[PDB]
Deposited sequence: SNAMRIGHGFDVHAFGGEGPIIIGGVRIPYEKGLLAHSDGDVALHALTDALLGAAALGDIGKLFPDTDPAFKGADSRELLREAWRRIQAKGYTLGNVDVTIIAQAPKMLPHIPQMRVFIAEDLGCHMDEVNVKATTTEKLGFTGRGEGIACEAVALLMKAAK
């Protein structure tokens, strides 16, 4: 059995930087307003993982990495193993690209998997919408689980 999952998250820029994406501390003029550390990549990912497992979402269960590992724990308890993941960061800024490998390292660790089972990307919305206006950051993620 395979299971597909999908995740989406957003946060608004606010306060002083830096910001935290895919566990990576990323220098930026601006900070992320959130009830948590505001790691949209890790959130989207977690929700994807959980959704695949039909465990709902996060609010159904700070440090985004800890949340991620917790979620993963519960997910594994249901009898699931990791197939692969793919993550898509949506931001006008800052530049994500240099940070992608380290992100991957961290996620790989947190999920107990190999790096080759983790993909992270970035794109801009070319100055369009709320991302485009630099109002915030978004991230989508998808996930494949094996039973």
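Numbering the deposited sequence from 1, one finds several regions with no C-alpha coordinates, namely 1-2, 64-73, 160-162.
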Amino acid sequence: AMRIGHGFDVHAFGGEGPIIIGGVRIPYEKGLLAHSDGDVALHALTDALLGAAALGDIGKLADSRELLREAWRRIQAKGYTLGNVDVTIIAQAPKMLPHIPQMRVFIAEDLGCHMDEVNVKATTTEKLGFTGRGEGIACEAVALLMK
From here on, numbers count along this sequence of modelled residues.
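Look at the C-alpha B-factors of 28-36 and of 99-107. On average they run higher in 28-36.
When 83-91 is weighed against 51-59, 51-59 comes out higher, by mean CA B-factor as recorded in the entry. Sort the chain's modelled residues by C-alpha temperature factor and residue 41 lands in the lowest third, per the entry. Remark: residue 145 belongs to the middle third of its chain, ranked by C-alpha B-factor as recorded. In the PDB entry, a CA B factor belonging to the highest third of its chain's modelled residues is recorded for residue 67. Annotation for residue 18: CA B-factor lies in the highest third of the chain's modelled residues.
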